[PDB]
Amino acid sequence: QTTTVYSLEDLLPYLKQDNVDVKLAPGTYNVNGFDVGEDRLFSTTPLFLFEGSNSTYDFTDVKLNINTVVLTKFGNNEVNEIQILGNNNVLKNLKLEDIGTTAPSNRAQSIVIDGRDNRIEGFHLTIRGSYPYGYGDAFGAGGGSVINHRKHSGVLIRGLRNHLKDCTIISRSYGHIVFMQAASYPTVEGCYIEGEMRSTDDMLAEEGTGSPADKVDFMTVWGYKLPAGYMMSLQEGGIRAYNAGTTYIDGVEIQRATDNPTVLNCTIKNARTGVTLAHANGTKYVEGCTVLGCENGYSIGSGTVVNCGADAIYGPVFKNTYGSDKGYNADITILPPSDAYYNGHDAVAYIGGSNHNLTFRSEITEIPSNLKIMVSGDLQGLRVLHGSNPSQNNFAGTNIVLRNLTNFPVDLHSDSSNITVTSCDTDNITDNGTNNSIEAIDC
């Protein structure tokens with residue numbers, strides 16, 4: 001009792017219905033500007049609004065191309081390609097691609113998951129169309145921007161017990177790739193998440209062209225001219241949780257923080273951060289992940305990161321978010337470089353807050369001269385130089401267990417205290433803190 005349909009026009013009615021089992025015939029389906037409007041197939045945004053419950057949709061060998069001009073076809077309103085509002089739905093195997101480079105009139109999300117107990121599996125997403133594209137967040141990702149933005153993010157997970165599984169999410173757009181707002185018990189599992197990078201030196205080479213960055217003389221939102229020597233993502237977070245948001249379950253509007261997020265066996269590459277769950281409440285659990293060439297590896301604030309790896313070519317594998325972080329437990333492998341080193345942060349980890357149990361493993365024997373494990377101190381972080389974002393730099397660290405099973409050096413700043421350090425070698429450890437103990441071990 002599986003119904004097969006052969007066009008987007010024949011598909012749309014089933015999106016309103018409960019308990020359906022629908023298949024969209026293999027093929028390549030184009031949505032264009034001429035397809036959006038009053039008499040046209042799509043008169044409202046979101047384009048594909050899944051309102052029914054207990055339904056399954058098969059998109060095997062479906063290619064769905066959406067021209068980015070569609071993001072300008074609904075006025076000054078947010079545009080979403082896919083939004084799920086019902087419960088207990090399963091969508092599988094869709095290949096979806098944004099065509100062109102037109103930015104939203106307002107902003108856009110490819111996929112938004114409200115409701116409860118939904119699952120998207122096997123999707124292959126390619127996200128395009130945003131402004132500005134090519135600077136990451138250097139000229140603004142929020143209010144008071146130097147260059148006003150019209151962002152386009154990938155998958156927004158909200159709702160309750162919603163599940164993103166075995167998907168591939170490629171972003172070539174300024175926005176988060178996967179993020180969570182007001183999501184309770186979200187799970188991201190088995191996914192490949194990929195952005196692209198650009199050095200600040202390359203951006204600075206736009207001088208004299210009349211580019212948007214040139215017209216503001218490269219003055220960042222952080223308060224200083226864009227510094228040379230860093231690698232940025234052109235995207236925002238790889239997997240990022242927010243401590244607020246709006247979601248809709250059973251028609252009821254809800255405003256709440258993300259809580260109890262789980263991330264399992266994902267690979268994140270070339271994003272501003274691999275996994276950042278520090279703003280979520282509840283239990284944060286990250287296991288089996290691989291983060292390559294991100295500006296920041298893991299920042300969950302408090303919780304567990306276990307059996308995870310990250311390389312350190314563009315930024316630290318580990319960072320505490322604020323000086324108030326408490327109970328971050330982590331076992332992170334520093335992986336072999338996935339590309340040439342270009343790390344202006346001068347750190348493999350920045351540690352502060354209290355009551356952390358931290359283990360770093362690595363087989364690296366060629367240690368770049370600028371890379372070290374920092375407990376407290378003045379991080380040379382791209383966004384925290386010269387007193388900017390001061391709550392995210394220069395904080396104290398106390399009552400922390402640090403197992404340095406690597407050849408990287410450790411610098412314990414004067415603001416650190418009661419740090420118990422276990423290291424392969426103790427000769428490359430600087431201790432300027434109070435009541436810290438340094439004990440060597442074999443291997």
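Residues 1 to 443 in the deposited numbering are what the sequence shown lists, from first letter to last.
No residue lacks a Cβ here, since even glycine has one placed at the ideal position from N, Cα and C.
* **Segment limits, beta strand (DSSP E) that includes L264** => In the sequence shown, the residue the question calls residue 264 occupies position 264. It spans 262-264 - the beta strand (DSSP E) in which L264 sits, taken as one unbroken run.
* Asked: Between which two residues does the alpha helix (DSSP H) harbouring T200 extend?
  -> Numbered from 1 along the sequence shown, position 200 holds the residue referred to as residue 200. Per DSSP, the unbroken alpha helix (DSSP H) holding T200 starts and ends at 200-204.
* Asked: Is DSSP giving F50 helix, strand or coil here?
  -> Translated into positions along the sequence shown, residue 50 becomes position 50. In the structure shown, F50 sits in a strand (DSSP, three-state: E or B).
* To do: Less than 8 Å between the CB atoms is what I'm expecting for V216 and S145, so what's the real figure, rounded?
  => Here residue 216 refers to the residue found at position 216 of the sequence shown. Here residue 145 refers to the residue found at position 145 of the sequence shown. Not quite, the Cβ-Cβ distance comes to about 10 Å (not below 8 Å), so this is no contact.
* In angstroms with no decimal places, state the Cα-to-Cα distance between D98 and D21. => In the sequence shown, residue 98 corresponds to position 98, counting from 1. In the sequence shown, residue 21 corresponds to position 21, counting from 1. Across the structure, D98 and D21 are spaced so that their CA atoms are roughly 27 Å apart.
* Beta carbon of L405, beta carbon of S338: below 8 Å? -> Here residue 405 corresponds to residue number 405 of the sequence shown, with the count starting at 1. Here residue 338 corresponds to residue number 338 of the sequence shown, with the count starting at 1. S338 is positioned such that its CB atom lies no closer than 8 Å to that of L405.
* To do: Could you work out which residue in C191, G37, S7, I113 is closest to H124 when comparing CA atoms only?
  => Translated into positions along the sequence shown, residue 124 becomes position 124. Nearest neighbour of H124 by Cα position, chosen from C191, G37, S7, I113, turns out to be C191.
* Asked: Apart from the five residues on each side of it in sequence, which residues of its chain come closer than 8 Å, Cβ to Cβ, to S302?
  -> By one-based count along the sequence shown, residue 302 stands at place 302. Only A278, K284, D325, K326, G327, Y328 meet the Cβ criterion.
* To do: Please state if the CB of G274 and the CB of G238 are separated by a distance shorter than 8 Å.
  => Along the sequence shown, read from residue 1 onward, the residue named residue 238 stands at position 238. Along the sequence shown, read from residue 1 onward, the residue named residue 274 stands at position 274. Their beta carbons are under 8 Å apart, which means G238 touches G274 by this criterion.
* To do: Starting from the Cα of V286, find the closest Cα among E206, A310, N270 and give me that residue.
  => The count along the sequence shown starts at 1 and reaches residue 286 at position 286. That would be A310, whose Cα lies nearest to the Cα of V286.
* To do: State the Cα-Cα distance for the pair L8 and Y29, rounded to the nearest angstrom.
  => Start at 1 with the first residue of the sequence shown, and residue 8 comes out as number 8. Start at 1 with the first residue of the sequence shown, and residue 29 comes out as number 29. Approximately 8 Å, taken between the alpha carbons.
* Asked: In whole angstroms, what is the alpha-carbon distance linking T56 and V90?
  -> Taking the sequence shown and counting its residues from 1, one reaches residue 56 at position 56. Taking the sequence shown and counting its residues from 1, one reaches residue 90 at position 90. Whole-angstrom Cα-Cα distance: 5 Å.
* Asked: Starting from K63 and walking both ways along the alpha helix (DSSP H), at which residues does that stretch end?
  -> Locating residue 63 in the sequence shown gives position 63, where the first residue counts as 1. From DSSP, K63 is part of no alpha helix (DSSP H) but of the beta strand (DSSP E) over 62-67.
* Asked: By a C-beta neighbour count over all protein chains shown, 10 Å radius and 16 as the cutoff for buried, is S43 buried or exposed?
  -> For this step, residue 43 is matched to residue 43 along the sequence shown. By the 10 Å Cβ count, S43 comes out exposed.
* List the whole-angstrom C-beta distance separating residue 455 from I120, where the pair is believed to meet the contact cut-off of C-beta under 8 Å. => Missing from the structure shown is residue 455; the chain here goes from 1 to 443 and no further.
* To do: Report the three-state DSSP secondary structure of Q255 (helix, strand or coil).
  => Numbered from 1 along the sequence shown, position 255 holds the residue referred to as residue 255. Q255 falls in the strand class under three-state DSSP.
* Is the beta carbon of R272 less than 8 Å from the beta carbon of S299? -> Mapped onto the sequence shown, residue 272 falls at position 272. Mapped onto the sequence shown, residue 299 falls at position 299. Their beta carbons are not under 8 Å apart, which means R272 does not touch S299 by this criterion.
* Asked: In the DSSP assignment, what are the bridge partners of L96?
  -> Counting from 1 along the sequence shown, the entry for residue 96 is found at position 96. Paired residues: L64, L125.
* For residue 444, I'd like the list of residues in its chain whose CB is within less than 6 Å of its CB, leaving aside the five on either flank, ordered along the chain. => As displayed, the chain neither begins before 1 nor continues past 443, which places residue 444 out of reach and without an answer.
* **Where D431 falls: helix, strand or coil (DSSP)** => The residue given as residue 431 occupies position 431 in the sequence shown. Per DSSP, reduced to three states, the secondary structure at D431 is strand.
* Taking the CB atoms as reference points, tell me whether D114 and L85 lie closer together than 8 Å. => Within the sequence shown, residue 114 is the residue found at index 114, counting from 1. Within the sequence shown, residue 85 is the residue found at index 85, counting from 1. Yes, they are a contact pair.
* Asked: What's the gap between the Cα of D427 and the Cα of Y342?
  -> Within the sequence shown, the letter at position 427 stands for residue 427. Within the sequence shown, the letter at position 342 stands for residue 342. Annotation: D427 to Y342 spans about 26 Å, alpha carbon to alpha carbon.
* Which whole-angstrom value describes the C-beta separation of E295 and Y314, a residue pair presumed to lie in contact below a C-beta threshold of 8 Å? -> The residue given as residue 295 occupies position 295 in the sequence shown. The residue given as residue 314 occupies position 314 in the sequence shown. Taking C-beta atoms under 8 Å as the contact rule, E295 and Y314 qualify, at a distance of about 6 Å.
* Asked: How many angstroms separate the CA atom of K23 from the CA atom of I170?
  -> For the purposes of this step, residue 23 is taken as residue 23 along the sequence shown, with counting starting at 1. For the purposes of this step, residue 170 is taken as residue 170 along the sequence shown, with counting starting at 1. Going from the Cα of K23 to the Cα of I170 covers about 25 Å.
* To do: Would you mind sorting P13 into buried or exposed? The rule is 16 or more other CB atoms within 10 Å of its CB.
  => The sequence position of residue 13 within the sequence shown is 13, counting from 1. Only exposed fits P13, as fewer than 16 other CB atoms lie within 10 angstroms of its CB.
* Please name the residue, chosen from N243, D202, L226, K165, that lies closest to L94 on a Cα-to-Cα basis. => Taking the first residue of the sequence shown as position 1, residue 94 is located at position 94. With respect to the C-alpha of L94, the residue from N243, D202, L226, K165 having the closest C-alpha is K165.
* Using the C-alpha atoms, what's the distance from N76 back to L41? -> Translated into positions along the sequence shown, residue 41 becomes position 41. Translated into positions along the sequence shown, residue 76 becomes position 76. The alpha-carbon of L41 is positioned some 20 Å away from that of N76.
* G223: which of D137, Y6, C308 sits nearest, CA to CA? -> Residue numbering aside, residue 223 sits at position 223 when the sequence shown is read from its first letter. That would be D137, whose Cα lies nearest to the Cα of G223.
* CB-CB under 6 Å to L96, same chain, minus the five flanking residues each way: which ones, in chain order? -> Residue mapping note: residue 96 aligns to position 96 of the sequence shown, counting from 1. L64, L125.
* To do: Compute the Euclidean distance between the alpha carbons of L335 and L371, then round it to the nearest angstrom.
  => For this step, residue 335 is matched to residue 335 along the sequence shown. For this step, residue 371 is matched to residue 371 along the sequence shown. Using only the alpha carbons, I get a separation of about 14 Å.
* Asked: What does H152 pair with, by DSSP beta-bridge criteria?
  -> Looking up residue 152 in the sequence shown gives position 152. DSSP lists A108 as partners of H152.
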